[PDB]
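Take a look at this single chain in structure tokens; it is the form deposited in one PDB entry.
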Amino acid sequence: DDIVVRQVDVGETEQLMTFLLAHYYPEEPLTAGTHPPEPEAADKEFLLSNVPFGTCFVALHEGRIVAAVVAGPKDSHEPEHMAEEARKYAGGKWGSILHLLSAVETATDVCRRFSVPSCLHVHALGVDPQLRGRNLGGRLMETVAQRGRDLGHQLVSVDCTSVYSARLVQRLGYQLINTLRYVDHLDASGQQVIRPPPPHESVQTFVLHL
């Protein structure tokens, strides 16, 4: 009962972004696997654009941000939205990232695949490792799931990109529905789009029925 979980507000995002640049971006494989090794602005701005939905949360320890989750609702039009954004942004850092993410959205296409009108998709989960024992990640994921039930959303999805994230969602009972290996993902030229360092090998999308 030592940790405060609250919804991020449109007003208070600078600190959220400050946290993410500290405890999410650096280790993130899509970000590390593209060679301008610093997140572009369109990237950060797409993360923050989810806030107005009231679907982003932080965990506060003594009023400092200790963990954050970024999530937003999506529908059957996401594959088109993603394909369009990927065309818009080729071929810069964010374009490469979208290229892969669009391929995933296109392949998973969860609204149509599970006959559901909308999914709550988790875009980013970041945790300050200096607080082991606090179950920060689980609490926030449990929080987006509940927020999703309030909203009447019937699904949550998450494209797991590390081991931590996969184990976390596996133990909250998500089901694995797609696996895309970075080495298997080439561009129109046949060139590998995302090349993250060891030990990252694949994007694994998980879903939870609410």
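The first residue of the shown sequence is 1; numbering continues from there.
Just so it is clear, the following notes concern the form deposited with a small molecule bound, a form of the same protein that is not shown.
Quiz prompt | Proximity to the small molecule in the deposited complex, single hit among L30, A59, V156, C56 (heavy atom within 4.5 Å) | solution = In short, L30.
Exercise. Assess the spot marked by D9, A71 and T143: is the small molecule within 4.5 Å of a heavy atom from every one of these residues in the deposited complex?
Key: Verified in the deposited complex; spot residues all out of contact, no.
Quiz item: With the cut-off set at 4.5 Å between non-hydrogen atoms, does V122 touch the small molecule in the deposited complex?
Solution: Because a heavy atom of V122 falls inside 4.5 Å of the small molecule in the deposited complex, the answer is yes.
Quiz prompt | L101 within 4.5 Å of the small molecule in the deposited complex, heavy atoms | solution = Within the cut-off, so yes.
Quiz item: Does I97 reach the small molecule in the deposited complex, with heavy atoms at most 4.5 Å apart?
Solution: Taking the distances in the deposited complex, the answer for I97 is yes, it comes within 4.5 Å of the small molecule.
Quiz item: Tell me which of 30-38, 146-154, 173-181, 48-56 has residues with heavy atoms within 4.5 angstroms of the small molecule in the deposited complex?
Solution: Heavy-atom contact with the partner occurs in 30-38.
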